[PDB]
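Student: Pasting a structure below so you can have a look.
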Amino acid sequence: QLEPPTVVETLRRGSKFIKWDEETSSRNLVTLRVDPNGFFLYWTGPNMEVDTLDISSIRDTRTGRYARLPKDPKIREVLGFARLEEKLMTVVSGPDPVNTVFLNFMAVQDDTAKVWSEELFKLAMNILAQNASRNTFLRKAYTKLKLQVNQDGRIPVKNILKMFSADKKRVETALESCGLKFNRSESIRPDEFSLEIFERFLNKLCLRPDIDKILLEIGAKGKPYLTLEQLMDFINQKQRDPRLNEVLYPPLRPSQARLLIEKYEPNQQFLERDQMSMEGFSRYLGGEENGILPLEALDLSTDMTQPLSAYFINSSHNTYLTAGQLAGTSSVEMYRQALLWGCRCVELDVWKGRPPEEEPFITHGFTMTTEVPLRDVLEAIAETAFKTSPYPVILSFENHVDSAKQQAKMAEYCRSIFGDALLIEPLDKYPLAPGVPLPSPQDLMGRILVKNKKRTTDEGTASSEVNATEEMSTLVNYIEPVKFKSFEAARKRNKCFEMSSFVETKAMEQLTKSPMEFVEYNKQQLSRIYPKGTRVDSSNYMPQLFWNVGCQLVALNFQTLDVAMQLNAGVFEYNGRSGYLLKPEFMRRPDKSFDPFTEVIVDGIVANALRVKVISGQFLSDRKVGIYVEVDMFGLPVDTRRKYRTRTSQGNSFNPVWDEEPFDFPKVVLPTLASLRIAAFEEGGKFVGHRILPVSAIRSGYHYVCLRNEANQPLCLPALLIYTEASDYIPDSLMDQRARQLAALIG
Ligand SMILES: [Ca+2]
């Protein structure tokens, strides 16, 4: 039921806006249009050149009172400064939550900005628009070329030369072949640059012997075409998924297989005889029908009824910072970016107020950073708590205010800002008695829970907390922190609404010492882990180390995107970006038990066996440089193999072909926790793209994988071509041993 991106009628034609820059302090009058496929937001600016904004890279559009107000008096004199409030709209785009740009537009009509903001936020955060197929990204590149015209309304050659900048001579060679004007400028009329000419230009620019090898291997030892039984047997032999059932996902019939030939083959002579040439099969391999993940993977199809303790929750740590821990600058924008990305547990370190006024502020503990006040932070959390996923957001207070007047001021702020969302009273079905589990995420849709006390040197400043008052301890009902004594002692206590906060090193000690008791603890209560205090440059531990034993709130640092943050943002993308993933069956049922450090297969869990072979790649860069591709697998410490690599291609960043043996992962013990990680690098270590695929729902056969950038935003051109084969498994000093097992996962 996930819709395709549909551009409404009032955006295809476009309205008028008054784009104002705060820096240049200027006024222009532009017209905002969205192209009919839903790819760009383009406008003809003052310099007669069409500016474009990629609509997939929009983080937030905010209008009304949340929009940016001008602080230059002369630009308010220009705009004439309360109906003038709601005619504002700002668009927030960028490649990571830190380095965001702003685009300010003021409408000229009456009540258009609300419709424009809502339609742009719907077109940006779409699910099927992000997980598209390969042909859609090629058409996205074509629409990018068709929009950006010059002052004479033609397409200059320099845009085509800046697109495929990994060569020169083949570009004008193929343009001379296809019948195009190759020159310095050449002023190409857009009528003679339709989509078929673009497809001919790409097919004569990049020759594909790999698809010729695939056509050689799938039974076309006769040259030209494919018959119905050959194409049907290719699909039903290679492209199946043998883990599923043959009665729920039925095999392909020729009556359904004729529609693919009627849809993809361009040649009318092969079509009447029901055949498929090479030019049609190459179009088939990147369509809607043959993707890398099925559409059930990203749809909100997870059973959201289980207790809250059975859910990996996307969390953050020191969300106010934007740089290193010591001398950073605190900012309120990072709360909005974290909540709009999909984080659900943010942090607040509150401090006491000054003599002359009274206000608590948020900053790091005496390391000489900046200061933001608490009211703006709570307003930003109230604004962007449910703009992306209607599911409960846990606030994590780290209180330091010792003057109870300011504590009652903070409690009154929290009550007056949020409203009905804040969980001020416990629920009817679930009381706070020893014996009853936590509520469900479905029961708390749209609510906000706080985490405060209710009446060391490595932990940072989060160990000298202050005791509560009778005002701020009313709000703490379901998630209340408590000091951790033992596992059997906190298991005989049987109070499910407790939770404990660890530091990274104490959690590593508890994981190496007694893992089964840690898993049995995590079936009932919540447990949050934050990184240590030694990390002054905002590094990240690998969160799989604590996802293995069922920790729910594994807090990370959102400012820097290393491999840990890449894995976190990649694995919480599924389940509709809701921020909640379900734990597997053997870590939330109280009768089953298993060791997380096992090395043989676990009874009652069906193992898998995966085999990945990289074939080729396309348009991976914009310069002559080599390319190599990495394949890693995270998971349980028996499954984690992150050594594999391919040989470096020579100077082919345009169509390199690798040719070696596949990478075998022949015994995956717990398959519904492993996460395959394909990544491509230039020679020397420059990052190109990566892609996170879970092993529980990856397809088999030849597929196109479209790489993403560091913050999981879809790149247009670069795309690998892999061949995977998933199948069911057919069988043929202690602390030293635990650290030896954890070495490859730590890295
Ligand atoms: Ca903190």
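By Swiss-Prot numbering, chain A shows 12-92, 97-470, 574-850, 867-881, in order.
Recorded method is electron microscopy, 3.6 Å.
A Cβ is built for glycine as well, from the same backbone N, Cα and C atoms used for every other residue.
According to Swiss-Prot:
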type: ACT_SITE; residues: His332; note: active site
type: ACT_SITE; residues: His379; note: active site
type: COMPBIAS; residues: 576-587; note: compositional bias 'Polar residues'
type: DOMAIN; residues: 318-468; note: domain 'PI-PLC X-box'
type: DOMAIN; residues: 590-706; note: domain 'PI-PLC Y-box'
type: DOMAIN; residues: 707-835; note: domain 'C2'
Student: Using a Cβ cut-off of under 8 Å, list the residues of the same chain at least 6 residues beyond the compositional bias 'Polar residues' (576-587) that approach it.
Tutor: 364, 379-381, 413-417, 419, 422-423, 467-470, 594, 619, 621, 623, 648, 650-652
Student: What is the straight-line CA distance, in whole angstrom, from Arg470 to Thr574 across the 103 unmodelled residues?
Tutor: 22
Student: Roughly how many Å separate the Cα of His379 (active site) from that of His332 (active site), to the nearest whole number?
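Tutor: Each residue's Cα considered, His379 (active site) and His332 (active site) end up 12 Å apart.
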Student: Within 10 Å of the Cβ of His379 (active site), how many other Cβ atoms can you find? Include all protein chains, please.
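Tutor: Within a 10 Å radius of the Cβ of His379 (active site) lie 21 other Cβ atoms.
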Student: My understanding is the cutoff is Cβ-Cβ under 8 Å with a sequence separation of 6 or more in the same chain; which residues meet that for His332 (active site)?
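Tutor: Same-chain residues close to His332 (active site) (Cβ under 8 Å, separated by 6 or more) are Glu362, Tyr648, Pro649, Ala673, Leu674, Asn675.
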Student: Per DSSP, what is the residue tally for the domain 'PI-PLC Y-box' (590-706) in helix, strand and coil?
Tutor: 39 helix, 18 strand, 60 coil
Student: Measure the gap spanned by 16 unmodelled residues: take the Cα of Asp850 and the Cα of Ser867 and state their separation in Å as a whole number.
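Tutor: Those two Cα atoms are 30 Å from each other.
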Student: Round to the nearest Å and tell me the distance between the Cα atoms flanking the 4-residue gap, namely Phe92 and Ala97.
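Tutor: The unmodelled segment spans a Cα gap of 9 Å.
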Student: Could you count the residues of the compositional bias 'Polar residues' (576-587) that DSSP puts in helix, in strand and in coil?
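Tutor: The counts are 0 helix, 0 strand, 12 coil.
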